[PDB]
Amino acid sequence: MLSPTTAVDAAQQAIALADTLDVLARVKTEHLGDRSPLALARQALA
RNA sequence: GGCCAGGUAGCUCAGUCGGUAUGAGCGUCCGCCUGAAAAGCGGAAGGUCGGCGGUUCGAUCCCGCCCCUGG
Ligand SMILES: [Mg+2]
């Protein structure tokens, strides 16, 4: 599950839908950070 | 300045010579619970790993200089 990506599309779309600074902090948690599916792929680079 | 062990989450500190810090205890948030709490149980948030550069698709971890504590 590495080939394209759709994770960037869902991240930038949720970023574009953040209305307040509180939503963007959650969007940064869901689509970035440790538990995000984007970084879960970087973990699978082992 | 010399030589050195360090600087890692809000506090006090472990841990790692390339893709996860599974970080711990406590602090913060949610649920069950309570009139409202706390504990308990369950579920989460949060670190640019000292700064600035160097190498690599990728550096807290390797190279150089430097900031401050034990020296
Ligand atoms: Mg509670």
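Chain A is the first sequence line, chain B the second, and so forth, proteins listed ahead of strands; every chain is numbered from 1. The figures that follow rest on heavy atoms only: side chains count, while hydrogens, waters and symmetry mates do not.
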Whether B:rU12 and B:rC13 stack: are their six-membered ring centres under 5.5 Å apart and their planes inclined by less than 30°?
yes
Note down whether B:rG53 puckers north or south, where north is a positive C1'-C2'-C3'-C4' and south a negative one.
north
How many Å lie between CG on A:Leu32 and P on B:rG19, as a whole number?
19 Å
When the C1' atoms of B:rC62 and B:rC68 are considered, how many whole Å apart are they?
24 Å
Do B:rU28 and B:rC29 pass the stacking test of six-membered ring centres within less than 5.5 angstrom and planes tilted under 30 degrees?
yes
Taking a positive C1'-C2'-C3'-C4' angle as north and a negative one as south, how is the sugar of B:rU8 classified?
north
Tell me if B:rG10 and its neighbour B:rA9 stack, counting it only when ring centres are under 5.5 Å and the plane angle is under 30°.
no
Under 3.5 Å for both contacts, Watson-Crick or G-U wobble geometry: does that describe B:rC65 with B:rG51?
yes
Nucleotides B:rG58 and B:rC17 paired (Watson-Crick or wobble, under 3.5 Å)
no
How many whole angstroms separate atom NE2 of A:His31 from atom P of B:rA45?
14 Å
May I ask which nucleotide in the shown strands pairs with B:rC11, Watson-Crick or G-U wobble, both distances under 3.5 Å?
B:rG25
Specify the separation, in whole Å, of atom CD of A:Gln43 and atom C1' of B:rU22.
9 Å
Looking only at whether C1'-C2'-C3'-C4' is positive or negative, is the sugar of B:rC66 north or south?
north
How far, in whole Å, is B:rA36 from B:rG27 if one measures between their P atoms?
23 Å
Just so I know, are the side chains of A:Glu30 and A:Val27 near enough to count as touching, which here means a heavy-atom distance under 4.5 Å?
no
Atom-to-atom span, CZ of A:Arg26 to P of B:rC29 - whole angstrom
17 Å
What one should report as the nearest heavy-atom pair of A:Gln43 and A:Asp34 is NE2-O, 3.2 Å
Pairwise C1' distance, B:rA44 and B:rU48 [rounded to whole Å]:
22 Å
Show me, pair by pair, the donor-acceptor contacts under 3.5 angstrom made by side chains of residues 5-19 of chain A, not counting sequence neighbours?
none

B:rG50 versus B:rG71 - spacing of their P atoms, nearest Å
22 Å
B:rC61: pairing nucleotide in any strand, Watson-Crick or G-U under 3.5 angstrom
none
So, is A:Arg35 close to the B:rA45 phosphate, meaning a side-chain N or O under 4.0 Å from OP1 or OP2?
yes
Rounded off to whole Å, could you give me the CG-to-P distance for the A:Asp22 and B:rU28 pair?
19 Å
Can B:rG42 and B:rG43, neighbours in the strand, be said to stack by the measure of ring centres under 5.5 Å and ring planes under 30 degrees?
yes
Looking at every heavy atom in both A:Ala39 and A:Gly33, which two are closest together, and how far apart are they?
CB-O, 3.1 Å
With rounding to the closest Å, how many angstrom separate the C1' atoms on B:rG51 and B:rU8?
15 Å
Does the ring of B:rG7 sit north or south, if a positive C1'-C2'-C3'-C4' angle means north and a negative one means south?
south
Looking only at side-chain N and O atoms, does A:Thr29 come under 4.0 Å of OP1 or OP2 in B:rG46?
yes
Could you tell me whether the sugar of B:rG40 is north or south, judging only by the sign of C1'-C2'-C3'-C4'?
north
Can B:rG19 and B:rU20 be counted as stacked under the 5.5 Å centre and 30° plane limits?
no
Whole-Å gap separating P (B:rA9) and CG (A:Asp34):
15 Å
How far does the P atom of B:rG40 sit from the matching atom of B:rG46, given to the nearest Å?
24 Å
With the side chain of A:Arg42 defined as its heavy atoms from C-beta on, choose the nearest nucleotide among B:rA44, B:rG46, B:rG19.
B:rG19
Mind checking the P distance from B:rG47 to B:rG54? Whole angstroms is fine.
25 Å
Taking the same atom, P, in B:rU56 and in B:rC13, what whole-Å distance lies between them?
39 Å
